[PDB]
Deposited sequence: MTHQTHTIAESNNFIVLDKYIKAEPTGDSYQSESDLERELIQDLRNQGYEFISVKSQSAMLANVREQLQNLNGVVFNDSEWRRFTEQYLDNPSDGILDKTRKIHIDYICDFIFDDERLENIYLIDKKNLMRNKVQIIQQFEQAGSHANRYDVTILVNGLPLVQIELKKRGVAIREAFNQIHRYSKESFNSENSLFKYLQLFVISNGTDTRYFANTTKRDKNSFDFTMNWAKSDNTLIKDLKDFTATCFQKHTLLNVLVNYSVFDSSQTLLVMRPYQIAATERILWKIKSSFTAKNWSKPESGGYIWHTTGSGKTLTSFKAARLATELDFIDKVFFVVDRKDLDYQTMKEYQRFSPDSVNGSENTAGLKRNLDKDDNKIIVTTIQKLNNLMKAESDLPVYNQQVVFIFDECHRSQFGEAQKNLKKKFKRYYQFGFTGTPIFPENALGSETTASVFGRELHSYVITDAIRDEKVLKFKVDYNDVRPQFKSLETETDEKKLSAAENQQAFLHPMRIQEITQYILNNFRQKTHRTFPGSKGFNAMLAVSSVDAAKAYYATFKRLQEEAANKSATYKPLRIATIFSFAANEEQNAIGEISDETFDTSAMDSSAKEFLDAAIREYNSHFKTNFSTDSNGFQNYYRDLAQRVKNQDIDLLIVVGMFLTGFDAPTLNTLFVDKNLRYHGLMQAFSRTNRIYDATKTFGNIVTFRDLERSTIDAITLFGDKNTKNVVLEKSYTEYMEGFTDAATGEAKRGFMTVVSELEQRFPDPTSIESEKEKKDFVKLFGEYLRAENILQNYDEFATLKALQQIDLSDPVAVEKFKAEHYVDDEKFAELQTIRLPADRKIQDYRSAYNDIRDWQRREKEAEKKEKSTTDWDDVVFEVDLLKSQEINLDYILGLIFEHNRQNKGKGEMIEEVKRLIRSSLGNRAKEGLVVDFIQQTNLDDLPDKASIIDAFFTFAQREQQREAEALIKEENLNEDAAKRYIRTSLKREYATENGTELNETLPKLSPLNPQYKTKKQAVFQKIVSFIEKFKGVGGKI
């Protein structure tokens, strides 16, 4: 009984009228009752408490006297000092209160029955109390809130508007908001960087087709058996205490894995490709969240003995290690050591084993008579890199007698890119579920890429477009790719443009950070050193120079594939080692840390580093092959690439930037100093088809300036220039304004102006054009200063020199105006107007 359906016919409208919020509520409520939600009238917390008493007493087969119930309420149910996070902890972890009654007996009081999900009572109430809302109670507790909006209303603006007491509502797990035509859900979390519209979600079928309109959503997501599985089994509450509600493709993959295990086991058809299967979830879509989740759920199968969750040590980071520490303590790190693996194996009242592919491979190599070999075993592999994985297969196939193995990847191995390895199909069998890039991009769950070769160094162009790889390896030296001029010019470009690319320009904007991925240890050395030196140079010249905080990490290697780097620092050549040494020292001074380069220190440096790049304590991380495949940083938006990336490694590295965040993060910038255009298209095309590139890759500067049609959608989009010109035709102020309808129009228009500028901020052509608005002239030392920093012709100079932009002041007159009109919310009709909330606040 899958909860993400293969098939669903659309409900028919009544109708039976359906404009008004109270129209939507009437039907929602009616529909929910048909589906077996008892409707109750509740007017007060007091009435809710009593209802909870009735429900929990029923659930738990026990009656409180009033003094106990008061005590239960004050100490567990509804502590005055609990907040949302505490209730979520209670729903997800501490849902049993071991209660001691007046007569001194001890009894487990469950808020939810998780084993017998359908035993839970579900009920609905309406808003008690100017806002229509329906709440679903589970055993009396409010866990879902549906916010209802007029058909007119732009869901996003409504979301923008809303997102103790009365204190029971601290239990909400899930929000749904709907204007009838559209319906999105999102988790109730206090974590503000999970709180933007980007994290709201549509319900869907297993082919990922959306289910948008409320009646269909009701009849699907809101089946008791669906809703309660979502709440209880398909929401994650992790170690940073973030509630994440799984998206449909995540649940669809997960349930399909579990059912596959069960039917295999029942068929006694273990230990072949047809016993398991694979999951093609595109890079960044939550493979690691989902696969881990599915391993945890798999432990609940009584007949499975042990569940291995296996990750690649390459993919580890701080959040992720924190998370595994709870299930397999000090056993999931970068080392070859198995001692910890083999100790977790011998724990009992235990079924989950998390480990790396390196470790599992070592263990099975060494190791011949493990009881686990004869047990009923599940393997879930999260994106394991292709070669470590291959030796592991040989032994696992050799050695486990009864297993069901599954893999998640965003970049499968097909016959075409096989060479070396077994295809993914051949290893795992059937594709159980797919959610591919064009899917994720249509759903706005992954960001597009803006990819440009920074072709601005003629001296070195011929190197930078070289295709033969023998030559490319031959050129990794100071004569060629690490010529100190090349390194300088590139590094200068990066210092000149970091703030522009990461949107730290018109600050106090927070903005983003960045990585620089390079071809070799030496490259990283040259770049680190050059950054250091070039920042000393600014620091004297200027002196309100605000330095970027740069760091680097690497060790030792040794297509498609990003080279695996060891965590055994003693493999490195003496000079590499000493440089890493001096960098760690500098890092130690700055952050008051105390790492070293012995293996334990390096591992800890690695771990602190991930944390600090995630939280932007570091501005630029320089890297050879590390943090390129698994590292999760939503506020990283720019990859600088001086590296020969191809195929799956290309897709992975670029994807470091692809995490959604908010309206401020429009796509990931990829700025390359070798020409990666062919490679980029070949890679995208390998993992889609011939059209896939037009969905993944952003449009040209000229297209955002002058207008185009999104072939995906086909939305015609203006035209920053069209926009700017409309603003001036329509709207030079303040008399331009001042009828309400004109205000509406301005808001819509200046909305687009804001979206367009924000997009354009990521184009060198634009940053260049903007800079030219100073200067002048003379000038004309600072004429020359500017030509040289934006790499601009005389020729080009004269061009740019009027394209015409609106004055800064004229803009801040629009701005505050704009803001003005927003604050006086709360003819003419205002339903469909979205304000650029995120972009403003920036």
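Stretches of the deposited sequence lacking C-alpha coordinates, numbered from 1: 1 to 12, 142 to 147, 182 to 189, 585 to 590, 859 to 869, 886 to 1038.
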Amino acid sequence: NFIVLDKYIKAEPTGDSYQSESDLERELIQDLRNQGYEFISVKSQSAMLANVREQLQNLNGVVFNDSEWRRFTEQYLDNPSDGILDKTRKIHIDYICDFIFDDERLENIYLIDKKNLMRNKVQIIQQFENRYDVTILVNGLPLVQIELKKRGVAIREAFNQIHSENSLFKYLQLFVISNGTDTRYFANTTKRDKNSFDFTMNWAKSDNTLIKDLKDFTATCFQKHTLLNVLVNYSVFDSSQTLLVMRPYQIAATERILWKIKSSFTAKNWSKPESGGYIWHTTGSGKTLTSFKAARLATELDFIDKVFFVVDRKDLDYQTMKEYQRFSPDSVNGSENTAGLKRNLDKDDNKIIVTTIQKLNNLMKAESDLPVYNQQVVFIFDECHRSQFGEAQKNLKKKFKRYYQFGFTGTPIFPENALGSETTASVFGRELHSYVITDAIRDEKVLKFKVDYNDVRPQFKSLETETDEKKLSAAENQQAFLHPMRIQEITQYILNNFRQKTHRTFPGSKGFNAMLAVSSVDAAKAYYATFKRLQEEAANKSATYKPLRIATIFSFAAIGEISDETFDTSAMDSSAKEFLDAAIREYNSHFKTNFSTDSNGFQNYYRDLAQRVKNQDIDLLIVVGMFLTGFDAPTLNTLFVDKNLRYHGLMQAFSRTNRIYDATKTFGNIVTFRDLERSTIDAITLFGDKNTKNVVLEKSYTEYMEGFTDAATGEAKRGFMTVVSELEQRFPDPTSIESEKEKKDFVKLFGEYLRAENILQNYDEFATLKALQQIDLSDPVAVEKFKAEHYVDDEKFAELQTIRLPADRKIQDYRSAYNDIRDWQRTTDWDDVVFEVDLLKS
From here on, numbers count along this sequence of modelled residues.
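Higher average CA B factor: 467 to 475, of the stretches 514 to 522 and 467 to 475. Here the stretch with the larger average CA B-factor, out of 533 to 541 and 218 to 226, is 533 to 541. Each of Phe720, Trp259, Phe379, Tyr527 has a CA temperature factor in the record; the biggest one is found at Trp259. Looking at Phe199, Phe498, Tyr704, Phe595, the one whose CA carries the top B-factor in the deposited record is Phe595. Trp824: CA B factor lies in the middle third for its chain, per the PDB record. Among the modelled residues of its chain, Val833 has a C-alpha B-factor that falls in the middle third, as given in the PDB entry. In the deposited entry, the Cα temperature factor of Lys293 sits in the middle third of values across the chain's modelled residues. Ranked within its chain, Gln55 lands in the lowest third, by CA B factor from the PDB record.
In the deposited entry, the Cα temperature factor of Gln774 places it in the highest third of its chain's modelled residues.
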